[PDB]
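Report on the following structure.
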Amino acid sequence: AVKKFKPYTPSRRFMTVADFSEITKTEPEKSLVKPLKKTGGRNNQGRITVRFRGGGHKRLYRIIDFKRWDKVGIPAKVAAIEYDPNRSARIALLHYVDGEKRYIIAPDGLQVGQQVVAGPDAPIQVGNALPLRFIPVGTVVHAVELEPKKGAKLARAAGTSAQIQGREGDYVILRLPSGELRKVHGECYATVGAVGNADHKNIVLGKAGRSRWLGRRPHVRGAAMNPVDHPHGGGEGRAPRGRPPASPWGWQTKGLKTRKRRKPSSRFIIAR
Amino acid sequence: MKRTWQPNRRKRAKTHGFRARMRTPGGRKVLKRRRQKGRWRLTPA
RNA sequence: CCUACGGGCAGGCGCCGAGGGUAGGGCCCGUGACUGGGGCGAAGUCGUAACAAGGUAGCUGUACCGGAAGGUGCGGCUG
RNA sequence: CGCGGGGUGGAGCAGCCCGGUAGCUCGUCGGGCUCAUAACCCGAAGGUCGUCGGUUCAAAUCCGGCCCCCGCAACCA
RNA sequence: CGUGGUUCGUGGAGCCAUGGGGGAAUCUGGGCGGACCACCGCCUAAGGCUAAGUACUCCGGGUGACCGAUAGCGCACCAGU
RNA sequence: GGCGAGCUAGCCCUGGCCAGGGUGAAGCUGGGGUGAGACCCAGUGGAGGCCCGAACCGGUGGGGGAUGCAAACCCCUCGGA
RNA sequence: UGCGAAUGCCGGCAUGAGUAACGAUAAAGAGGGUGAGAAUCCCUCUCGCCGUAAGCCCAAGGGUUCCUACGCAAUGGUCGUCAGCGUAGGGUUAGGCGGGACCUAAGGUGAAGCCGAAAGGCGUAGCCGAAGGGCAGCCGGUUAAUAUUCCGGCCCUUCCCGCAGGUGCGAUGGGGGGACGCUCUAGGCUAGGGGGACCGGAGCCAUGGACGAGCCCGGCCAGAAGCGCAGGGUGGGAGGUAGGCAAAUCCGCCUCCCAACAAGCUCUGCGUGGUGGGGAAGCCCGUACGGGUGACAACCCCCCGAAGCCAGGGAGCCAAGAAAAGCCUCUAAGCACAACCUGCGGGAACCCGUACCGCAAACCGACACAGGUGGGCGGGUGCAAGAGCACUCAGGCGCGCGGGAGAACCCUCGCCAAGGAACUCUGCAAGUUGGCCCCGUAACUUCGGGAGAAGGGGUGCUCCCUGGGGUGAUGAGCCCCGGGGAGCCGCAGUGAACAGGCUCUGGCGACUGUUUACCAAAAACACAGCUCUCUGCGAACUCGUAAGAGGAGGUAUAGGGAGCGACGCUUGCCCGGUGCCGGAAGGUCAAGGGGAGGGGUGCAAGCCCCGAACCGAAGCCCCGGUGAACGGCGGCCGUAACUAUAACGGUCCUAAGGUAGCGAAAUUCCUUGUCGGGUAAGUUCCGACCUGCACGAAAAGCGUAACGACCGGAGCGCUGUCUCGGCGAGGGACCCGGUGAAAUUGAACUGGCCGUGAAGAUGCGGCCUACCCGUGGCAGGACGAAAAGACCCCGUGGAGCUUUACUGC
RNA sequence: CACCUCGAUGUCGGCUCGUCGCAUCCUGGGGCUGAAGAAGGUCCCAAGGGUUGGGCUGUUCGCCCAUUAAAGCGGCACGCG
Ligand SMILES: [Mg+2]
Ligand SMILES: [Mg+2]
Ligand SMILES: [Mg+2]
Ligand SMILES: [Mg+2]
Ligand SMILES: [Mg+2]
Ligand SMILES: [Mg+2]
Ligand SMILES: [Mg+2]
Ligand SMILES: [Mg+2]
Ligand SMILES: [Mg+2]
Ligand SMILES: [Mg+2]
Ligand SMILES: [Mg+2]
Ligand SMILES: [Mg+2]
Ligand SMILES: [Mg+2]
Ligand SMILES: [Mg+2]
Ligand SMILES: [Mg+2]
Ligand SMILES: [Mg+2]
Ligand SMILES: [Mg+2]
Ligand SMILES: [Mg+2]
Ligand SMILES: [Mg+2]
Ligand SMILES: [Mg+2]
Ligand SMILES: [Mg+2]
Ligand SMILES: [Mg+2]
Ligand SMILES: [Mg+2]
Ligand SMILES: [Mg+2]
Ligand SMILES: [Mg+2]
Ligand SMILES: [Mg+2]
Ligand SMILES: [Mg+2]
Ligand SMILES: [Mg+2]
Ligand SMILES: [Mg+2]
Ligand SMILES: [Mg+2]
Ligand SMILES: [Mg+2]
Ligand SMILES: [Mg+2]
Ligand SMILES: [Mg+2]
Ligand SMILES: [Mg+2]
Ligand SMILES: [Mg+2]
Ligand SMILES: [Mg+2]
Ligand SMILES: [Mg+2]
Ligand SMILES: [Mg+2]
Ligand SMILES: [Mg+2]
Ligand SMILES: [Mg+2]
Ligand SMILES: [Mg+2]
Ligand SMILES: [Mg+2]
Ligand SMILES: [Mg+2]
Ligand SMILES: [Mg+2]
Ligand SMILES: [Mg+2]
Ligand SMILES: [Mg+2]
Ligand SMILES: [Mg+2]
Ligand SMILES: [Mg+2]
Ligand SMILES: [Mg+2]
Ligand SMILES: [Mg+2]
Ligand SMILES: [Mg+2]
Ligand SMILES: [Mg+2]
Ligand SMILES: [Mg+2]
Ligand SMILES: [Mg+2]
Ligand SMILES: [Mg+2]
Ligand SMILES: [Mg+2]
Ligand SMILES: [Mg+2]
Ligand SMILES: [Mg+2]
Ligand SMILES: [Mg+2]
Ligand SMILES: [Mg+2]
Ligand SMILES: [Mg+2]
Ligand SMILES: [Mg+2]
Ligand SMILES: [Mg+2]
Ligand SMILES: [Mg+2]
Ligand SMILES: [Mg+2]
Ligand SMILES: [Mg+2]
Ligand SMILES: [Mg+2]
Ligand SMILES: [Mg+2]
Ligand SMILES: [Mg+2]
Ligand SMILES: [Mg+2]
Ligand SMILES: [Mg+2]
Ligand SMILES: [Mg+2]
Ligand SMILES: [Mg+2]
Ligand SMILES: [Mg+2]
Ligand SMILES: [Mg+2]
Ligand SMILES: [Mg+2]
Ligand SMILES: [Mg+2]
Ligand SMILES: [Mg+2]
Ligand SMILES: [Mg+2]
Ligand SMILES: [Mg+2]
Ligand SMILES: [Mg+2]
Ligand SMILES: [Mg+2]
Ligand SMILES: [Mg+2]
Ligand SMILES: [Mg+2]
Ligand SMILES: [Mg+2]
Ligand SMILES: [Mg+2]
Ligand SMILES: [Mg+2]
Ligand SMILES: [Mg+2]
Ligand SMILES: [Mg+2]
Ligand SMILES: [Mg+2]
Ligand SMILES: [Mg+2]
Ligand SMILES: [Mg+2]
Ligand SMILES: [Mg+2]
Ligand SMILES: [Mg+2]
Ligand SMILES: [Mg+2]
Ligand SMILES: [Mg+2]
Ligand SMILES: [Mg+2]
Ligand SMILES: [Mg+2]
Ligand SMILES: [Mg+2]
Ligand SMILES: [Mg+2]
Ligand SMILES: [Mg+2]
Ligand SMILES: [Mg+2]
Ligand SMILES: [Mg+2]
Ligand SMILES: [Mg+2]
Ligand SMILES: [Mg+2]
Ligand SMILES: [Mg+2]
Ligand SMILES: [Mg+2]
Ligand SMILES: [Mg+2]
Ligand SMILES: [Mg+2]
Ligand SMILES: [Mg+2]
Ligand SMILES: [Mg+2]
Ligand SMILES: [Mg+2]
Ligand SMILES: [Mg+2]
Ligand SMILES: [Mg+2]
Ligand SMILES: [Mg+2]
Ligand SMILES: [Mg+2]
Ligand SMILES: [Mg+2]
Ligand SMILES: [Mg+2]
Ligand SMILES: [Mg+2]
Ligand SMILES: [Mg+2]
Ligand SMILES: [Mg+2]
Ligand SMILES: [Mg+2]
Ligand SMILES: [Mg+2]
Ligand SMILES: [Mg+2]
Ligand SMILES: [Mg+2]
Ligand SMILES: [Mg+2]
Ligand SMILES: [Mg+2]
Ligand SMILES: [Mg+2]
Ligand SMILES: [Mg+2]
Ligand SMILES: [Mg+2]
Ligand SMILES: [Mg+2]
Ligand SMILES: [Mg+2]
Ligand SMILES: [Mg+2]
Ligand SMILES: [Mg+2]
Ligand SMILES: [Mg+2]
Ligand SMILES: [Mg+2]
Ligand SMILES: [Mg+2]
Ligand SMILES: [Mg+2]
Ligand SMILES: [Mg+2]
Ligand SMILES: [Mg+2]
Ligand SMILES: [Mg+2]
Ligand SMILES: [Mg+2]
Ligand SMILES: [Mg+2]
Ligand SMILES: [Mg+2]
Ligand SMILES: [Mg+2]
Ligand SMILES: [Mg+2]
Ligand SMILES: [Mg+2]
Ligand SMILES: [Mg+2]
Ligand SMILES: [Mg+2]
Ligand SMILES: [Mg+2]
Ligand SMILES: [Mg+2]
Ligand SMILES: [Mg+2]
Ligand SMILES: [Mg+2]
Ligand SMILES: [Mg+2]
Ligand SMILES: [Mg+2]
Ligand SMILES: [Mg+2]
Ligand SMILES: [Mg+2]
Ligand SMILES: [Mg+2]
Ligand SMILES: [Mg+2]
Ligand SMILES: [Mg+2]
Ligand SMILES: [Mg+2]
Ligand SMILES: [Mg+2]
Ligand SMILES: [Mg+2]
Ligand SMILES: [Mg+2]
Ligand SMILES: [Mg+2]
Ligand SMILES: [Mg+2]
Ligand SMILES: [Mg+2]
Ligand SMILES: [Mg+2]
Ligand SMILES: [Mg+2]
Ligand SMILES: [Mg+2]
Ligand SMILES: [Mg+2]
Ligand SMILES: [Mg+2]
Ligand SMILES: [Mg+2]
Ligand SMILES: [Mg+2]
Ligand SMILES: [Mg+2]
Ligand SMILES: [Mg+2]
Ligand SMILES: [Mg+2]
Ligand SMILES: [Mg+2]
Ligand SMILES: [Mg+2]
Ligand SMILES: [Mg+2]
Ligand SMILES: [Mg+2]
Ligand SMILES: [Mg+2]
Ligand SMILES: [Mg+2]
Ligand SMILES: [Mg+2]
Ligand SMILES: [Mg+2]
Ligand SMILES: [Mg+2]
Ligand SMILES: [Mg+2]
Ligand SMILES: [Mg+2]
Ligand SMILES: [Mg+2]
Ligand SMILES: [Mg+2]
Ligand SMILES: [Mg+2]
Ligand SMILES: [Mg+2]
Ligand SMILES: [Mg+2]
Ligand SMILES: [Mg+2]
Ligand SMILES: [Mg+2]
Ligand SMILES: [Mg+2]
Ligand SMILES: [Mg+2]
Ligand SMILES: [Mg+2]
Ligand SMILES: [Mg+2]
Ligand SMILES: [Mg+2]
Ligand SMILES: [Mg+2]
Ligand SMILES: [Mg+2]
Ligand SMILES: [Mg+2]
Ligand SMILES: [Mg+2]
Ligand SMILES: [Mg+2]
Ligand SMILES: [Mg+2]
Ligand SMILES: [Mg+2]
Ligand SMILES: [Mg+2]
Ligand SMILES: [Mg+2]
Ligand SMILES: [Mg+2]
Ligand SMILES: [Mg+2]
Ligand SMILES: [Mg+2]
Ligand SMILES: [Mg+2]
Ligand SMILES: [Mg+2]
Ligand SMILES: [Mg+2]
Ligand SMILES: [Mg+2]
Ligand SMILES: [Mg+2]
Ligand SMILES: [Mg+2]
Ligand SMILES: [Mg+2]
Ligand SMILES: [Mg+2]
Ligand SMILES: [Mg+2]
Ligand SMILES: [Mg+2]
Ligand SMILES: [Mg+2]
Ligand SMILES: [Mg+2]
Ligand SMILES: [Mg+2]
Ligand SMILES: [Mg+2]
Ligand SMILES: [Mg+2]
Ligand SMILES: [Mg+2]
Ligand SMILES: [Mg+2]
Ligand SMILES: [Mg+2]
Ligand SMILES: [Mg+2]
Ligand SMILES: [Mg+2]
Ligand SMILES: [Mg+2]
Ligand SMILES: [Mg+2]
Ligand SMILES: [Mg+2]
Ligand SMILES: [Mg+2]
Ligand SMILES: [Mg+2]
Ligand SMILES: [Mg+2]
Ligand SMILES: [Mg+2]
Ligand SMILES: [Mg+2]
Ligand SMILES: [Mg+2]
Ligand SMILES: [Mg+2]
Ligand SMILES: [Mg+2]
Ligand SMILES: [Mg+2]
Ligand SMILES: [Mg+2]
Ligand SMILES: [Mg+2]
Ligand SMILES: [Mg+2]
Ligand SMILES: [Mg+2]
């Protein structure tokens, strides 16, 4: 769980790489069920609209299955576990008895060989998807839907998961990775287990280059600019903020809440 | 050292050519203007 | 050069070689602006920590804090 | 030389604006409690208000001059 | 209610237009005469067309107290070269 | 109101390039070690914004040039590779 | 309608001036020829320079520059008979090369559809889009000039028709395949190269020797099928089937049974192959280039050997590495006297490019410009290797002014006695060092480093003996790593060329990286990493009027914003003010509601206008919280049994009065503080003290190994830096022939002193000095040139930037 | 102070090259002395010539080391880009 290196170069001294033992025989990444070509692109129609992106290794997309109700009843065999560059979590290749193949975001524990399945039926065991209402209160789940039939959206990042805290009406109360207490419709599919590859949070990029491989170009502080182009640029030399800390566009960036208040979603939430 | 002019037949046509001029409303005016002035060449050769 | 000459001596070269030189290490001693605590010194300053529930039982390993003794936390010992 | 502030019992601070009244803590002195000291309690004394002028009926107070005190300023060069 | 137009810059601010809200009547119905009311008058909104008198000069011609090759059009000449 | 990313900056798609030498990570195999281990040793192995240095990319110090060979150049030197 | 001025405008001609220059210091010399004319054109001979080029081949760009004849006014930095120049004529040949009647990539365009005052913006399919995918030509000959294009030889593709043989044929649809990274790398080949005592070949014996296993030259290229050698790809059969938006017999999944190997099948590379073709030196021809002979040329062995080929080869690794068509399979309509598949035969096969330059005199730089320009080839020997360095092959060049001379001075070089940093802001500069092998190597450390630490020894040639490996048969030969021994020569053996000076000690930044294109490369930016904060997903945020899009085909181990900046030990107190966060109360508050009451006009019903109470958001007030939020973090006085100092005390104020650590510092004013160290001497440097004008904890505090073309201090080494200069070399300067600029310029017949003058006089006064005109030199003056001062002020001139300035959006 | 110069009179220090003044640092000649001698003190004459090398700092200056007959002051656009 996490590789170290001997300091045979600086930066290698602190550099740390993911363990890839979980990766069942793998390298080629299963054409057909994905990949699709993924359009590396750092702007919209012309203009940069997210700073400091671009470059970094080319990458093939894996079209994964964020709606398991797609094949209720039909069981599948876990054929493989493989590396997916487009996400922190790792993916499992599912061989359905239909002869259909699909990638699922691999949960912790999921071993190659297991049968897996989705539906109101379905044995509450890691890898299986069900509508939320039919899941035992207190069970930890992942890849949750937020509205019935709209595909999984919550708890998918490596290591994450939601907890089921109780039910009330057509909804059940989830505790999301953020710590928020959310009502979600009971018909929304989730899948038992936590996400897995939870040592992800413990890698140390080690050097600037590494950030670059991940498509992350250097980020420059407002402090290092001029008044023309940031609320923090100017002085002679070093200089405190001399105002409440701001973003390039003028807004405050320390505590100033930003969620739209009158959002209809408001009456389905209750936490941090 | 490397100067500013770096000739490239395709770029030139793609940028100043007749067809490119006819797409933009602004371009169509460049033609209108040159045609009215009596230019012998409405577009780079 | 000498013969008692298929030799000896002078003389030449080589080895090692006292030591001198260049360079880098190791141990010990002396000394140094300044700095750390320590001991000792008839009658200096500040408090009162301990000895009698020592007037907050005490001591204790650790940790933080405070002019100072010390105080507090955690656990321990009863002396 | 500039600008602002300040000088009041032995110490440190009020009162100066809005003229007529000098007030606070500490200290000092006398007496209590103690075997004694300190703490504590009861009493008390002590200042012309930096200085020299002027205004006023009257000046710590309002005005001007000198003397010090604190702080800021002294940039293009 | 919010604006534009008119000489009208919110003014006593009508008139004409209209983005928003409300929302009629058919001659005894409606609009206007500078807030508003009365009176007295003018005129018939929410469909459309309509010559001529008017503007201009790429073009043709006629004229000049207009230029005469550094002038006159940038070009009298193969110049928008 | 238009013209410009054929210079320059960033990004996107598709190709190309980096003489030669050095250092010798993990892993692996073996031996030792232990109750089992950690671990040690040898070989093997060939990692790295690792080392030296051409191409290539630079532009550090000095000299020259200054109506220049040059509206940024030349020589020596130097950085990355 | 009158010009002398406007750093006026257009034009012409002057001055500087026969002056600077004539564009890389790779270099020239003679003979012959041509011609009106020759250093400059042609030819020969000699000399020099490039050779990972300064040679050759592509791609861009250029667009007649190409070959030939005639020619020299201009262009050519001189000349010109010459030319890339003037005139004319000629020259570019493709089913197989490149591109198009193929494919898709970013992106572009865009039926449907969405949005926008108009213009127009978006957008699924589709279409366009290439140096990527797909796709059939190799060798040689020929022209003044084109050639994989013409030709010769051998070989191949598609399309149409027909014949035969085979099969359910049939697509834009289903499936497979195409199909993919980086580093390292095996086997076998090829290109390429070396050697040969072997094969072929004109000749050669000089100058002392050599007729010799001598010298010199050459010893190949292409090639179907078949055949070998080496590799790539691939399991076969059966049953079940609900998945691959219809249907599949195909693919997927399951079961069973046979191979598990490349066996077989298939594809590629290389060898061989019918035949075809090339074929040196030297000599002879005339060139302006080529042509004859050599020739019935020979045409073979050995060795080195790729980064290229077999190719979709193998291993490892993480950052996880296009698409679509061709192709194959599957079935659907449909058709199955169709159709498709195989073989053979006959016919058919279009458009564009093709000259020449292409690291450059033909491209980008106003120039025949010392700059810039992407891909491939790039031989030999030596040097550890190499594309490095020296010389050299093929090939190509001497750079389009020359001849002299031998000053100063300048540039680029070489050497220097004694000294050796005394130079200077500084060892700036230069020198020293320098490759390989061996011995050897400290503090400290994050255990990797520091290390090429430092400091040393070896280094050539000759003979003798000897180990191991590759290729061959184990063998010889050839090639490759060595080892031991005895000797030879010089001042010197990496004998030339390419090739670190070293150490000690501070500051800043952890580090590799990034930057002010053209005065700053840094202690600035970035960086892994730490913290705060926002964001539940139609996320926040960003772009846009919108649609839409980025975020992300991501989902809190994620994304945005901010500060800090590896790592180590740490990061204190203040929430009074400002920000942000929380607070269903209360205060205030707009439109609106509400209307108590009032007013205008009517005879009146009425019409019309004001208008209190009270009910009405956010915001603000108010109550709280919050420090890796903006920020802030005290004054006077006294006191100890020498003195001094003050652990202690009094009092005033605050939201709280600066903790650790550090400190004359990238911070210290006084200041060269004081003391110690270094030095003969130290305003700097190092250590320390603390009186911190005016350090102090994520605008982080204090340290830290390694790292640095950063900045400081010291020493050793070595020196022309210096005492202090000297000599020498070459390119200029100078003279002669050719060509011939420039800024500047009121006109000039343009001297010194002491005065005077708008206060610094060639130009005025007095006196002094002084025949007329040049050339080489120096730079004191002409308030010398250049630029309508950038500093300063002024203008109710401008512009970028800020904020609790104003007012808006 | 603001008179020439803002359609430009380049600014400290060093280097180089000097030239001039004398109110003389040394050497020469003097008077006086509280001048025994030697050595000084002070004033007068005198500008011919001479007036060192180093450490520190950008420094001028100054401090210091080692010498010296002496380690002189000033002007020349604080002489001289
Ligand atoms: Mg666009
Ligand atoms: Mg992390
Ligand atoms: Mg940053
Ligand atoms: Mg900046
Ligand atoms: Mg901008
Ligand atoms: Mg701003
Ligand atoms: Mg700021
Ligand atoms: Mg600052
Ligand atoms: Mg370049
Ligand atoms: Mg051009
Ligand atoms: Mg140009
Ligand atoms: Mg092109
Ligand atoms: Mg139109
Ligand atoms: Mg025409
Ligand atoms: Mg020793
Ligand atoms: Mg001591
Ligand atoms: Mg002591
Ligand atoms: Mg006690
Ligand atoms: Mg106690
Ligand atoms: Mg007690
Ligand atoms: Mg006790
Ligand atoms: Mg304790
Ligand atoms: Mg303490
Ligand atoms: Mg205290
Ligand atoms: Mg306890
Ligand atoms: Mg007092
Ligand atoms: Mg009063
Ligand atoms: Mg009292
Ligand atoms: Mg008393
Ligand atoms: Mg007074
Ligand atoms: Mg008085
Ligand atoms: Mg200023
Ligand atoms: Mg109006
Ligand atoms: Mg008004
Ligand atoms: Mg108006
Ligand atoms: Mg009316
Ligand atoms: Mg309306
Ligand atoms: Mg009516
Ligand atoms: Mg009317
Ligand atoms: Mg009317
Ligand atoms: Mg009508
Ligand atoms: Mg009408
Ligand atoms: Mg009409
Ligand atoms: Mg008219
Ligand atoms: Mg006309
Ligand atoms: Mg006339
Ligand atoms: Mg004319
Ligand atoms: Mg004219
Ligand atoms: Mg005329
Ligand atoms: Mg006209
Ligand atoms: Mg004209
Ligand atoms: Mg014409
Ligand atoms: Mg560009
Ligand atoms: Mg290359
Ligand atoms: Mg590579
Ligand atoms: Mg290597
Ligand atoms: Mg073992
Ligand atoms: Mg090894
Ligand atoms: Mg190993
Ligand atoms: Mg090895
Ligand atoms: Mg490297
Ligand atoms: Mg390096
Ligand atoms: Mg280096
Ligand atoms: Mg290097
Ligand atoms: Mg340079
Ligand atoms: Mg620079
Ligand atoms: Mg220079
Ligand atoms: Mg220079
Ligand atoms: Mg180098
Ligand atoms: Mg280099
Ligand atoms: Mg005139
Ligand atoms: Mg005049
Ligand atoms: Mg002259
Ligand atoms: Mg001359
Ligand atoms: Mg000349
Ligand atoms: Mg020459
Ligand atoms: Mg020639
Ligand atoms: Mg010739
Ligand atoms: Mg072309
Ligand atoms: Mg021509
Ligand atoms: Mg020609
Ligand atoms: Mg001719
Ligand atoms: Mg001519
Ligand atoms: Mg000529
Ligand atoms: Mg020329
Ligand atoms: Mg002739
Ligand atoms: Mg011609
Ligand atoms: Mg070709
Ligand atoms: Mg083609
Ligand atoms: Mg056709
Ligand atoms: Mg096409
Ligand atoms: Mg297409
Ligand atoms: Mg439209
Ligand atoms: Mg569009
Ligand atoms: Mg599109
Ligand atoms: Mg291609
Ligand atoms: Mg391919
Ligand atoms: Mg082709
Ligand atoms: Mg040929
Ligand atoms: Mg040719
Ligand atoms: Mg042919
Ligand atoms: Mg048939
Ligand atoms: Mg059928
Ligand atoms: Mg397909
Ligand atoms: Mg190989
Ligand atoms: Mg060959
Ligand atoms: Mg060969
Ligand atoms: Mg022979
Ligand atoms: Mg013969
Ligand atoms: Mg002879
Ligand atoms: Mg013979
Ligand atoms: Mg031979
Ligand atoms: Mg041979
Ligand atoms: Mg060959
Ligand atoms: Mg062959
Ligand atoms: Mg099978
Ligand atoms: Mg099947
Ligand atoms: Mg189906
Ligand atoms: Mg089959
Ligand atoms: Mg095989
Ligand atoms: Mg072959
Ligand atoms: Mg064959
Ligand atoms: Mg033959
Ligand atoms: Mg033949
Ligand atoms: Mg021949
Ligand atoms: Mg000819
Ligand atoms: Mg492979
Ligand atoms: Mg298609
Ligand atoms: Mg079929
Ligand atoms: Mg045929
Ligand atoms: Mg051609
Ligand atoms: Mg050609
Ligand atoms: Mg060529
Ligand atoms: Mg070049
Ligand atoms: Mg080049
Ligand atoms: Mg090239
Ligand atoms: Mg060439
Ligand atoms: Mg040429
Ligand atoms: Mg030339
Ligand atoms: Mg050139
Ligand atoms: Mg050119
Ligand atoms: Mg260059
Ligand atoms: Mg080669
Ligand atoms: Mg070579
Ligand atoms: Mg040799
Ligand atoms: Mg070498
Ligand atoms: Mg070379
Ligand atoms: Mg040659
Ligand atoms: Mg020549
Ligand atoms: Mg030349
Ligand atoms: Mg030499
Ligand atoms: Mg010397
Ligand atoms: Mg010597
Ligand atoms: Mg020495
Ligand atoms: Mg000196
Ligand atoms: Mg010195
Ligand atoms: Mg310096
Ligand atoms: Mg230094
Ligand atoms: Mg140097
Ligand atoms: Mg030498
Ligand atoms: Mg050197
Ligand atoms: Mg060693
Ligand atoms: Mg080491
Ligand atoms: Mg060190
Ligand atoms: Mg060494
Ligand atoms: Mg050595
Ligand atoms: Mg020798
Ligand atoms: Mg062998
Ligand atoms: Mg071999
Ligand atoms: Mg052998
Ligand atoms: Mg030997
Ligand atoms: Mg020797
Ligand atoms: Mg070196
Ligand atoms: Mg320090
Ligand atoms: Mg750095
Ligand atoms: Mg760069
Ligand atoms: Mg750069
Ligand atoms: Mg720059
Ligand atoms: Mg600039
Ligand atoms: Mg989106
Ligand atoms: Mg997306
Ligand atoms: Mg964040
Ligand atoms: Mg920073
Ligand atoms: Mg820092
Ligand atoms: Mg703090
Ligand atoms: Mg406190
Ligand atoms: Mg606060
Ligand atoms: Mg608060
Ligand atoms: Mg607050
Ligand atoms: Mg609030
Ligand atoms: Mg309220
Ligand atoms: Mg109201
Ligand atoms: Mg109302
Ligand atoms: Mg009424
Ligand atoms: Mg209210
Ligand atoms: Mg407030
Ligand atoms: Mg309360
Ligand atoms: Mg005392
Ligand atoms: Mg005593
Ligand atoms: Mg006493
Ligand atoms: Mg105290
Ligand atoms: Mg402080
Ligand atoms: Mg402190
Ligand atoms: Mg300390
Ligand atoms: Mg100091
Ligand atoms: Mg400071
Ligand atoms: Mg000393
Ligand atoms: Mg000292
Ligand atoms: Mg300094
Ligand atoms: Mg001060
Ligand atoms: Mg600071
Ligand atoms: Mg601070
Ligand atoms: Mg802070
Ligand atoms: Mg520090
Ligand atoms: Mg660096
Ligand atoms: Mg540096
Ligand atoms: Mg020194
Ligand atoms: Mg010299
Ligand atoms: Mg010479
Ligand atoms: Mg001449
Ligand atoms: Mg004269
Ligand atoms: Mg005068
Ligand atoms: Mg006169
Ligand atoms: Mg005169
Ligand atoms: Mg004369
Ligand atoms: Mg002269
Ligand atoms: Mg002069
Ligand atoms: Mg001169
Ligand atoms: Mg001037
Ligand atoms: Mg001016
Ligand atoms: Mg203004
Ligand atoms: Mg004046
Ligand atoms: Mg005046
Ligand atoms: Mg002037
Ligand atoms: Mg005198
Ligand atoms: Mg005197
Ligand atoms: Mg005397
Ligand atoms: Mg005397
Ligand atoms: Mg005497
Ligand atoms: Mg110095
Ligand atoms: Mg002096
Ligand atoms: Mg001084
Ligand atoms: Mg002087
Ligand atoms: Mg002065
Ligand atoms: Mg002076
Ligand atoms: Mg001066
Ligand atoms: Mg200068
Ligand atoms: Mg100067």
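Chains: A, B, ... in order of the structure tokens. Residues: from 1 per chain. Ligands: from 1, in order shown.
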List all protein, DNA and RNA residues that have at least one atom no more than 8 Å from any atom of ligand 83, counting only C-alpha atoms (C1' of nucleotides) and all ligand atoms, and write them as a PDB file with C-alpha atoms (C1' of nucleotides), in the first residue's frame.
```
ATOM      1  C1'   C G  72      27.612  44.260 -71.702  1.00  0.00           C
ATOM      2  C1'   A G  73      24.145  50.253 -70.960  1.00  0.00           C
ATOM      3  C1'   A G  74      22.473  49.271 -66.185  1.00  0.00           C
ATOM      4  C1'   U G  75      22.369  45.458 -61.752  1.00  0.00           C
ATOM      5  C1'   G G  80      34.434  41.869 -66.777  1.00  0.00           C
ATOM      6  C1'   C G  85      22.037  40.478 -65.675  1.00  0.00           C
TER       7        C G  85
END
```
Env of region 31-35 of chain B: 12 Å cut, atoms = only C-alpha atoms (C1' of nucleotides), seq-sep filter 3 positions within chain, self excluded. Answer as a PyMOL selection string. (chain B and resi 16-28+38-44) or (chain E and resi 80) or (chain F and resi 2)
I'd like the neighbourhood of residue 76 (chain A) as an NGL selection string, where a residue qualifies if any of its atoms comes within 7 Å (using only C-alpha atoms (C1' of nucleotides)), though same-chain residues fewer than 3 positions away should be ignored. :A and (94-97 or 115-117)
What do you get as a PyMOL selection string if you pick all residues at most 12 Å from ligand 19, counting only C-alpha atoms (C1' of nucleotides) and all ligand atoms? chain C and resi 48-51+53-59+69-72
Could you please extract the residues within 10 Å of ligand 118, counting only C-alpha atoms (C1' of nucleotides) and all ligand atoms, and hand them back as a VMD selection string? chain G and resid 174 243 to 248
